[PDB]
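Undergrad: model the structure of this input:
(chains A and B)
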Amino acid sequence: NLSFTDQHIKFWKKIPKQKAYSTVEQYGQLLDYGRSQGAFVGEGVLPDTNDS
Amino acid sequence: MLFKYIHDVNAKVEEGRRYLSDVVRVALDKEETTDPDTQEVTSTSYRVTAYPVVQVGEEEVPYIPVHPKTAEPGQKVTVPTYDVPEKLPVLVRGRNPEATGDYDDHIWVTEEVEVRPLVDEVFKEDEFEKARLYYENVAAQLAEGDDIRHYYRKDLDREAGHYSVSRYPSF
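TA: Residues are numbered from 1 along each chain as shown, chains lettered A, B, ... in the order given. What follows is the structure:
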């Protein structure tokens, strides 16, 4: 034999495997916690609103 | 002014420094930039503003009845007119320079301050619907019975999820 063997496969044996249940798979991400606003408000002042 | 709206605020709102008057006007109008050489429009935009106004006079306008009421063919009603004042008064604590004792030292004094717009935004010609939505949102916020709190616009915000730029201090 002048070609490769099974021991020359590295990445395929190390990547984790998860079972699939459909042709299309979905997942969700959390990009950020909020926007770049100020945090100092003052005495008796309602703070600004923020969203993720 | 393509659209105009008059709202009466309560005592809690009037106490704030941004609402020193008692009536708020919300408007939406269209601006044109004209070529100086010949009359020819070069750019068009829509502006949404909001000012604390004061009454200056009266005028007669057509009557528009509501469900329980009915109007004559030529009935008219009189409504006040409003204008933006230059300054509005405040009340702040002070001290009498020539107080003779302990009973006439602390007093209250009045000052005048500059009046600034509550809302000032600019929209492009091809974004009329967004300007209309913004105007309706401002009107609804005023109708809720409190201060105007939401000024957010999605177009003018920085990118989200770009951790190499948003890590810098913003406070």
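
Undergrad: can you map out the strands along chain B?
TA: Using DSSP state E, the strands assigned to chain B run over residues B:3-8, B:23-34, B:41-62, B:76-83, B:87-95, B:106-114, B:119-124.

Undergrad: in JSON lines, list those along with distance to chain A and mean neighbour count.
TA: Using the backbone N, CA and C atoms, a C-beta is placed for each residue, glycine as well. Shown next, in JSON lines, are the strands of chain B (distance: least, Cβ to the nearest Cβ, whole Å; neighbours: other Cβ atoms under 10 Å in any protein chain shown):
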{"stretch": "strand B:3-8", "distance to chain A": "20", "mean neighbour count": "13"}
{"stretch": "strand B:23-34", "distance to chain A": "18", "mean neighbour count": "16"}
{"stretch": "strand B:41-62", "distance to chain A": "18", "mean neighbour count": "14"}
{"stretch": "strand B:76-83", "distance to chain A": "28", "mean neighbour count": "12"}
{"stretch": "strand B:87-95", "distance to chain A": "15", "mean neighbour count": "11"}
{"stretch": "strand B:106-114", "distance to chain A": "17", "mean neighbour count": "10"}
{"stretch": "strand B:119-124", "distance to chain A": "16", "mean neighbour count": "15"}
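
Undergrad: rebuild those strands as JSON lines, extending it with distance to residue A:11.
TA: As requested, the strands of chain B are exported to JSON lines (distance: least, Cβ to Cβ, whole Å):
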{"stretch": "strand B:3-8", "distance to residue A:11": "63"}
{"stretch": "strand B:23-34", "distance to residue A:11": "60"}
{"stretch": "strand B:41-62", "distance to residue A:11": "56"}
{"stretch": "strand B:76-83", "distance to residue A:11": "73"}
{"stretch": "strand B:87-95", "distance to residue A:11": "72"}
{"stretch": "strand B:106-114", "distance to residue A:11": "68"}
{"stretch": "strand B:119-124", "distance to residue A:11": "50"}
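
Undergrad: in chain B, which helix is the longest?
TA: Looking across chain B with DSSP state H, the single longest helix is helix B:128-143.

Undergrad: other SSEs contacting it?
TA: Under the contact criterion of 3 or more Cβ pairs under 8 Å, 6 or more residues apart in numbering or on different chains; DSSP states H and E, helix B:128-143 touches strand B:3-8, strand B:23-34, strand B:41-62, strand B:119-124.
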